[PDB]
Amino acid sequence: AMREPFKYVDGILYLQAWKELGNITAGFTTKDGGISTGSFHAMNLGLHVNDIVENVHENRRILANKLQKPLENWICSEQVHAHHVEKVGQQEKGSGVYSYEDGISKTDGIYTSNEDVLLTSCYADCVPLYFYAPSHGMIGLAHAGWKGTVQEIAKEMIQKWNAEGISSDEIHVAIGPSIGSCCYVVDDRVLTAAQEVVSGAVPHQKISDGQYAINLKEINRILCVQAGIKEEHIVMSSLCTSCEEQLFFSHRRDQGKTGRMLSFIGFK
């Protein structure tokens, strides 16, 4: 069984599996630590989910202080459930920190070699992908719901890194908390799209006619291996956003009214 690569520390799940690879701050937030209430209780870091902005701004400031990464150096994207990956850095510092529309336009993955920035991505069920090539000082995040998964957003990131001279055998990938097969049931449209890009069987369990439980974390792991990532360079959480009702917001479990966690990565 793949060991859990994240450790809960004061409300934050830090990517402890990568502590010896390089001096980075990486992890995934939880519902704990903020001042939001109701459907957004407590650490809602999402600006586009109808929470009161003052609470989201404060929650962001709280995280910035916990991570020692000032808001002015954060980079956020306007996620659109597609496969666009953008290299970011100095000129994009501050993008989306206070207004979602100010985020990197229609982008689901971001990467950088800049040591002062904090890359961020928002989640409430979708798969958080993390990338690190320690030898090249390159870090990245990609948002993979079913659409980004089957549109091969992980491969988009890897291909861009290959063009920057980074071999796929030097890229470490982490897969964070997401909706698991215990709670995520999809139709033939999703399963077929996954079959089109996965060589071999897509792991799935039929629940009823045209209804299949699927593990999008494992689908992304398989696609990463098939894109040249070494199996031993992938770490994967088993945490389910829907099942963990005290740790995570879940778009599916909370019926579309919920907050957002952030995935984050930056140099210490």
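One rule holds for the numbers: they count along the sequence shown, beginning at 1.
Of the two segments, 95-103 and 176-184, the one listed with the higher mean B-factor is 95-103 (C-alpha atoms only). Across the two stretches, 64-72 and 220-228, the PDB entry reports the greater mean Cα temperature factor for 64-72.
Highest CA B-factor among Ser36, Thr241, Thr29, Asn50, as stated in the entry: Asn50. In this PDB entry, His143 carries a Cα temperature factor that places it within the lowest third of its chain's modelled residues. Ranked by Cα temperature factor within the chain, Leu247 sits in the middle third according to the deposited record. For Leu15, the recorded CA temperature factor ranks within the lowest third of the chain's modelled residues. In the deposited entry, the Cα temperature factor of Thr112 sits in the middle third of values across the chain's modelled residues.
Residue-level temperature factors show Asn215 in the highest third of its chain, judged at the C-alpha atom.
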